[PDB]
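Examining the three-dimensional arrangement
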Amino acid sequence: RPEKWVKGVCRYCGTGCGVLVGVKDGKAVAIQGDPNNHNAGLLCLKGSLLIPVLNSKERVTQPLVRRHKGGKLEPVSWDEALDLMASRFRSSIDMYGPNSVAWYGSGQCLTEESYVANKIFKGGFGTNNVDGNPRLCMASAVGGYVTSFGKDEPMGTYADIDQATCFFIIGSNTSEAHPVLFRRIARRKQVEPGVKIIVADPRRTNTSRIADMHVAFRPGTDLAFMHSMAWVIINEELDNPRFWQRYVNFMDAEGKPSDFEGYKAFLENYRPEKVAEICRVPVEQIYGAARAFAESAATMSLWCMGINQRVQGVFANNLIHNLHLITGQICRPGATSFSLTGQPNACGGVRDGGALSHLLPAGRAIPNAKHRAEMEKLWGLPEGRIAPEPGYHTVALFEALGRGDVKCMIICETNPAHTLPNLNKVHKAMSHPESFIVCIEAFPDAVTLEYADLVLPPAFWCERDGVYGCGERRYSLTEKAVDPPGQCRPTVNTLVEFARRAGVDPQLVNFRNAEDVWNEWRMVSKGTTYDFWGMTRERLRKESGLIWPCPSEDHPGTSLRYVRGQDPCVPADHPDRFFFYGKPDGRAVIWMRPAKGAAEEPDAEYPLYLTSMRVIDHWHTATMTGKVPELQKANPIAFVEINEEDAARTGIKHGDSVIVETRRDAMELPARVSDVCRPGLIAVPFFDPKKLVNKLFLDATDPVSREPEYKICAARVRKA
Ligand SMILES: Nc1nc2c(c(=O)[nH]1)N[C@H]1C(S)=C(S)[C@@H](COP(=O)(O)OP(=O)(O)OC[C@H]3O[C@@H](n4cnc5c(=O)[nH]c(N)nc54)[C@H](O)[C@@H]3O)O[C@H]1N2
Ligand SMILES: Nc1nc2c(c(=O)[nH]1)N[C@H]1C(S)=C(S)[C@@H](COP(=O)(O)OP(=O)(O)OC[C@H]3O[C@@H](n4cnc5c(=O)[nH]c(N)nc54)[C@H](O)[C@@H]3O)O[C@H]1N2
Ligand code: SF4
Ligand SMILES: [Mo]
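Residues numbered from 1 in each chain as written, not as in the entry; some residues may be left out. Chains lettered and ligands numbered in written order. Heavy atoms only, no water.

The next point concerns the overall build of the chain. Looking only at helices and strands, the chain has 23 helices and 29 strands in total. Taken against the 2.2 N^0.38 rule, which gives 27 Å for 720 residues, the C-alpha radius of gyration of the chain at 25 Å falls within 12% of a compact globule. In terms of overall dimensions, the chain has a C-alpha envelope of 70 × 70 × 55 Å along the principal axes. A fraction of 72% describes how many contacts in the chain between residues 6 or more apart in sequence connect residues 24 or more apart. In the structure as shown, the chain presents an accessible area of about 25200 Å², 49% of it carried by carbon and sulfur atoms. Of the charged side chains in the chain, 87 are positive and 85 negative; the average position of the first set lies 1 Å away from that of the second. (Helix = DSSP H or I, 4+ residues; strand = E, 2+ residues; numbered from the N terminus. Rg over C-alpha atoms; globule rule 2.2 N^0.38 Å. Contact = heavy atoms within 4.5 Å. Areas by Shrake-Rupley, 256 points an atom, 1.4 Å probe, with all protein chains shown as cover. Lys, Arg positive; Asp, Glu negative; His and termini not counted. Charge placed at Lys NZ, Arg CZ, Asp CG, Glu CD.)

Shown next, in the form of C-alpha cells:
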C-alpha cells in the first residue's frame with residue numbers, strides 16, 4: 001500500500017518513539033516504528049493504532065461560535081472568528097491591562113506553537129499569564145532539578161537503561177505509562193539477570209512483575225522511606241565521600257548550609273525500624289532497597305506522577321537526587337537520576353521553551369531583570385515590555401477566571417474541564433457569565449468545549465510539521481504526512497494571524513510556518529546551557545532526533561550533562577571531571593527536606609486514601625484513543641480499585657456498585673476488588689468522561705512547583 005513513509009514522532013507518551021507514517025494517494029494507511037530513533041522500530045499498541053485516530057471523521061473541521069452563554073455552538077467563518085478573538089482580547093487589554101488575558105496550553109503542542117503563544121502573550125501583550133498542563137505534571141520535577149542541580153531536565157538519557165545494574169522505580173507505573181521504556185528495562189534484566197529492580201508504589205502494578213522487591217508503602221510516606229534508605233547507606237558505609245566531598249553541598253531542614261555530619265544527625269530521625277512502621281512495610285525492604293541502590297555498579301532511578309503530583313513533590317524529587325549524590329551514582333553510563341516525563345512535549349515545548357507563568361525561554365526567569373532585558377533584546381521589544389511579575393499558575397489562573405480577573409482565555413490542546421483538580425470548583429470558574437473562552441480543539445467530544453465561546457479547528461498531529469521534545473532531551477521532527485481536513489489550520493499560522501489582528505507588532509510574529517519559528521527559537525537558545533543552535537531543520541529532517549546541548553552543525557548532541565569531555569557547557573580544560581554549572585560553585589545540593597504527608601490525610605470520617613492513575617489502553621481524556629475500538633476491549637469504563645482485605649472486612653464484593661465519596665463529591669463506580677491497592681488505599685482512573693473523578697480530588701498544591709496533589713486525598717466507600 002504505502003508509496004512513501006513520512007518520519008515523525010508518536011502522538012502519545014514522553015517515551016517519544018519515532019514513527020514512520022505510510023501514505024498512499026494523500027492518505028495515511030500504515031504506521032511503523034522509526035528504526036533510527038531510540039525505540040529502534042518498536043511501538044506499543046497505542047502508537048501502533050494511530051492511523052484510525054488520524055483518519056477519524058469525528059473532528060472539529062470548522063470554526064464555531066457560541067453567541068451567548070448557555071447557547072449552542074454554531075458555524076462561523078474563519079475571518080469572523082479571528083476578528084472576534086482579536087477584538088475581545090484587544091479590548092480587554094485596552095480596558096483592564098494585559099493581566100486580564102491568559103494562555104492555557106499544553107505539553108502536546110508543537111514546540112513552535114507554544115513558542116509563538118508564549119511570545120505573543122509575554123512580548124506582545126505584556127502579560128506573563130502563560131501556563132499549561134505541565135503544571136499538573138512535571139512542575140515538581142523542574143523544582144527538584146533546579147534546586148538540586150540549578151538546571152532543569154535529566155542529566156542522563158534512555159541509553160543509561162542499558163548499563164544500569166540497579167533500577168529504583170518510584171511513583172511510576174512504567175508498564176502502562178511508558179511501555180517502550182518498560183520493555184527496555186525488562187530486556188536489561190533479561191540480558192543481565194544480575195540486574196536488581198526495586199518498584200516503590202502503594203499499588204501492585206504490572207511494573208512490579210519484573211521487580212526483585214515491591215515496596216507497597218502507605219501513600220505519602222515515601223519521603224520518610226527515602227530518608228531511611230540514606231540512613232542505611234551512611235550507616236553501612238556505602239556512601240561515596242570522594243564524590244560528595246568534592247561535588248556536593250548540604251542544606252539542613254531550614255534550607256541553611258550544613259555538612260555531612262549535619263546530614264547524619266538529621267537522618268537519625270529516619271531509622272529503618274521507625275520508618276517501616278510509618279510506611280507500613282517490612283523493615284527489611286528499607287535495608288534491601290538501600291543496599292541494592294548503593295552496592296550496585298550503576299544505579300538509575302526513574303519516577304513519575306506518584307512522586308510529582310504531591311504537595312511535597314519538589315521535596316520528594318530532592319530525596320531521590322539525595323540518594324544519587326551521596327553515592328555518586330551519577331554522571332556515569334547506567335548511573336543517573338531520571339525523571340520520566342509524561343507528555344510528548346512537556347520538555348521541549350513548555351519547560352525548555354519557558355512557556356510557564358514564571359519562566360522565559362531557554363533557562364531564563366521572569367523575576368530576573370537581566371533575563372528580561374536579554375529577551376527584550378532578542379525579541380526586539382521596547383524596554384520594560386516584559387512584566388517583572390510571574391503570571392497566574394494553572395490553579396490560580398482558573399481561580400482568576402472565576403473571579404473575573406482573567407476575562408479572556410485561550411485553551412489549546414488540553415481538556416481542563418475534565419483534567420483539572422477540584423472540578424466542581426473549576427466548572428464554576430469556567431462558567432463566569434462574562435468570560436470569553438477560546439478553544440483550539442481537534443475533537444468535538446472534549447468536555448471543555450461545553451464552556452467554549454469560540455472553537456477553532458486545528459491541523460492534527462502529522463497534518464503539519466513541528467518539533468516534540470521528549471523525556472531524554474531528544475528533539476525530533478514530525479514532517480507533514482497528509483493534508484488537514486475541512487478548514488483545519490496549523491496553529492502556528494492561526495496564532496500569527498490572531499496576533500496581527502489583535503494589534504501585535506508584526507515584527508514579533510514574522511513567521512510563515514513552523515520552520516521559521518524553529519530558527520528564531522534556535523537563536524534564542526544560543527549561548528545558554530540549552531543551546532540547540534546546531535539542530536537545523538535539515539539535520540532534524542534526516543536525523544531521528546538530536547539530544548541537547550547541541551551548539552553547532554558538526555556537534556553530535558549530548559548524552560552526559562555536567563561531564564567534562566561529553567557536555568560542551570563544561571569547559572574542555574575545567575579542573576574537575578564533573579561540573580554542576582547550574583550552581584555558582586559547581587556543586588550539587590543534598591536537601592534535608594522534612595517528611596510530612598498529604599494536604600488531605602484520612603481521618604475517622606474519611607478513613608481511606610484515594611489515588612488516581614493511568615491504564616495502558618487509554619490516553620488521558622480518551623478523545624483520541626476513544627476512536628480506536630481495539631483500545632476499548634479491556635477497560636471500557638471507569639471502576640474503583642479496592643483492597644481485598646479492606647473489602648471483605650466491609651462487606652464489599654467484586655462487581656458491586658459502590659459510592660466513592662470525598663468532602664467534595666460522591667460518585668457511583670463498579671468495585672474492582674483485589675490486591676493491587678495496598679490496605680487503606682482505593683484508586684480511580686480518569687479516562688471516562690461519564691465519571692469525572694477530578695470532582696472528588698482536592699486542589700492543594702506544592703507551594704513551590706504549584707503542582708496539584710492528584711495522587712492523594714481522603715475518601716470513604718459504601719455499597720450503593
Ligand atoms: N497509557 C497511557 N500512558 C501515559 C498517559 C496516558 O494517559 N495513558 N499519560 C502520560 C502522562 S502525561 C504522564 S504524566 C505519565 C504518568 O505516568 P505514571 O505516573 O507512571 O502513571 P500514574 O498511574 O498516574 O502513576 C501513578 C503511580 O503512582 C502511584 N502513587 C500513588 N500514591 C503514591 C505515593 O504516595 N507515592 C508514590 N511514590 N507513588 C504513588 C500510583 O499507585 C500509580 O500506580 O503517563 C504518560 N503515559
Ligand atoms: N485525577 C487525575 N487527574 C489528572 C492526572 C492524574 O494523574 N490524575 N494527570 C494530570 C496530567 S499529568 C496531565 S498531563 C493532564 C493531561 O490532561 P489533558 O491535557 O486535559 O488531557 P488530554 O486528553 O491529553 O488533552 C489533549 C486535548 O487535545 C485535543 N487534541 C488532540 N490533538 C490536537 C491538536 O492538534 N490541536 C488541538 N487544539 N487539540 C488537540 C484532544 O482532543 C484533547 O481534548 O491531566 C492531569 N489530570
Ligand atoms: S511507548 Fe509512548 S511514545 Fe512509544 S509508541 Fe507507546 S505511546 Fe507512543
Ligand atoms: Mo502528565
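Let us look at helix α11 (residues 272–279). Every buried residue belonging to α11 is among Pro 272, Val 275, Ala 276 and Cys 279, and all of these are buried. Angularly, the buried residues of α11 cover 105° about the axis, an arc narrow enough to put them on a single face. Phi turns positive, to about 60°, at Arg 280, one or two residues after α11. (Buried < 20%, exposed > 50% of the residue type's maximum accessible area, 1.4 Å probe, protein only. Arc of directions from axis to C-beta.)

For strand β18 (residues 436–440), a buried count of five out of five residues is recorded, marking the element as mostly surrounded by other parts of the structure. With burial as the criterion, each face of β18 is covered, one bearing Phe 436, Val 438 and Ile 440 and the other bearing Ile 437 and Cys 439. Bridge count between β18 and strand β19 (residues 454–456): three bridges; the pairing is parallel. Across the sheet, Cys 439 pairs through a bridge with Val 455, a residue of β19. (Pairing = 2+ DSSP bridges.)

For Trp 231, the position within the fold is in helix α8 (residues 222–235). As a C-alpha pair, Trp 231 and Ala 265 span 34 residues in sequence and 9.7 Å in three-dimensional space. What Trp 231 contacts, discounting residues up to four positions off in sequence, is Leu 267, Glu 268, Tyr 270, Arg 271, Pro 272 and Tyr 287. Among the polar contacts listed, one links the side chain of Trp 231 to the side chain of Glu 268, at a separation of 2.8 Å. (Polar contact = N/O pair within 3.5 Å; in protein donor to acceptor, adjacent residues only side chain to side chain.)

Looking now at the site of ligand 2. In the vicinity of ligand 2 there are 32 residues, among which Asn 133, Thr 419, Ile 440, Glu 441 and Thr 623 approach most closely. Compared with its free state, where it exposes 920 Å², ligand 2 has 99% of that area covered by protein. Class assignment for the residues of the shell around ligand 2 results in 14 nonpolar, twelve polar and six charged. (Near = heavy atom within 4 Å. Nonpolar A, V, L, I, M, F, W, Y, C, P; charged D, E, K, R; others polar.)

The next point concerns the site of ligand 1. The environment of ligand 1 is formed by 34 residues, the closest being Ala 177, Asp 201, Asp 222, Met 305 and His 620. Contact between ligand 1 and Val 615: a nitrogen atom at 3.1 Å from a main-chain N or O atom of the residue. About the coverage of ligand 1: the protein hides 99% of its 920 Å² of free accessible area. Those elements that place two or more of their residues in the shell around ligand 1 are α6 (174–177), α13 (305–308) and β24 (608–613). Residue contributions to the shell around ligand 1 peak at three residues, all from α13. Class assignment of the residues belonging to the shell around ligand 1 gives a composition of 15 nonpolar, eleven polar and eight charged. Both of domain 3 (137–342 + 560–591) and domain 4 (607–720) provide at least three residues apiece to the shell around ligand 1. (Domains from an automatic or database assignment.)

Another aspect to go through is the packing of α11 against helix α12 (residues 283–295). Two elements in contact, α11 and α12, have axes separated by 8 Å at closest approach and are oriented at 115°. Classified by the interaxial angle, the pair formed by α11 and α12 is roughly perpendicular. As α11 runs across α12, the sense of the crossing is right-handed. Where α11 abuts α12, its residues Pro 272, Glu 273, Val 275 and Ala 276 lie against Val 283, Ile 286 and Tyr 287. A per-class count over the contact of α11 with α12 returns six nonpolar, no polar and one charged. (Axes fitted to C-alpha atoms, helices over the stretch in contact; angles between N-to-C directions. Parallel < 35°, antiparallel > 145°, perpendicular 65-115°, else oblique. Left-handed = near helix turned anticlockwise from the far one by under 90°.)

On inspection of all chains with the given rule, the structure shows 43 salt bridges. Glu 641 is the salt-bridge partner of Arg 203, the closest N and O atoms lying 2.7 Å from each other. Of this pair, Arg 203 sits in the loop between β9 (196–200) and β10 (213–215) while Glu 641 sits in strand β25 (residues 640–643), placing them 438 residues apart in sequence. Across this residue pair, the class does not change: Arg 203 and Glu 641 are buried. Note that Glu 600 and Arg 663 form a salt bridge whose closest N and O atoms lie 3.4 Å from each other. Highlighted residues: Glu 600 in the loop between β23 (588–591) and β24 and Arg 663 in the loop between β26 (657–661) and β27 (666–674), separated in sequence by 63 residues. The exposure class assigned to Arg 663 is partly exposed, which follows from its relative accessible area of 42%. (Salt bridge = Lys/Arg side-chain N within 4 Å of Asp/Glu carboxyl O.)

This part covers the nonpolar core. Formed by 64 residues in total, the largest nonpolar core has its most connected members in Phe 89, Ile 120, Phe 121, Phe 125, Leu 454 and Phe 498. The element best represented in this core is helix α3 (residues 78–96), accounting for eight residues. With near-sequence residues (within four places) excluded, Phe 121 lies in contact with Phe 89, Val 101, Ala 102, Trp 103, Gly 126, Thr 127, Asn 129, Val 130, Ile 410 and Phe 498. (Core = buried A, V, L, I, M, F, W, Y, C linked by side-chain atoms within 4.5 Å.)

Further remarks concern the state of the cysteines. One pass over the full model with this rule turns up zero disulfides. Residue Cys 166 stays outside any disulfide, its sulfur separated by 18 Å from that of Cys 279, the closest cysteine. Note on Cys 331: no disulfide assigned, nearest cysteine sulfur contributed by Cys 569 at a separation of 13 Å. Here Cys 331 falls in the buried class, since its relative accessible area comes to 6%. (Disulfide = S-S within 2.5 Å.)

Here we take up the domain arrangement of the chain. Taken domain by domain, the chain holds domain 1 (1–58), domain 2 (59–136 + 343–559), domain 3 (137–342 + 560–591) and domain 4 (607–720). Every contact between the two is made by ten residues of domain 1 and, on the other side, ten residues of domain 4. Summed over both sides, the interface between domain 1 and domain 4 buries roughly 930 Å², with carbon and sulfur atoms accounting for 77% of that surface. By the criterion of area lost to domain 4, the three top residues of domain 1 are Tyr 12, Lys 46 and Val 53, representing 49% of everything that side buries. On the surface where domain 1 and domain 4 come into contact, there are one residue pair in polar contact. Its residues placed into classes, the side of domain 1 that touches domain 4 shows six nonpolar, one polar and three charged. (Buried area = accessible area lost by both parts, 1.4 Å probe.)

Before going further, it helps to examine the packing of aromatic side chains. On inspection of all chains with the given rule, the structure shows 37 aromatic pairs. With a centroid separation of 5.4 Å and an interplanar angle of 35°, the aromatic rings of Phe 266 and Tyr 270 are classed as tilted. Of the two residues, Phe 266 and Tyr 270, neither departs from the other in class, the shared state being buried. Ring centres 5.2 Å apart and planes at 70° place the aromatic pair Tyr 562 and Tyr 581 in the edge-to-face group. Here the residue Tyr 562 occupies a position in the loop between β22 (546–547) and β23, and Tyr 581 occupies one in the loop between β22 and β23, the gap between them amounting to 19 residues. In terms of burial, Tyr 562 and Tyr 581 fall into one category: buried. Put simply, the rings of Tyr 145, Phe 149, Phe 243, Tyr 247, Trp 303, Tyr 562, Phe 578, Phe 579, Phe 580 and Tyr 581 touch in pairs and so form one group of aromatic residues. Sitting over the face of the ring of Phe 443, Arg 59 holds its NZ or CZ atom 5.9 Å from the ring centroid. (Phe/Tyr/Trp six-rings, centres within 6.5 Å; stacked < 30°, edge-to-face > 60°. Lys NZ or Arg CZ within 6 Å of the ring centre and 35° of its normal.)

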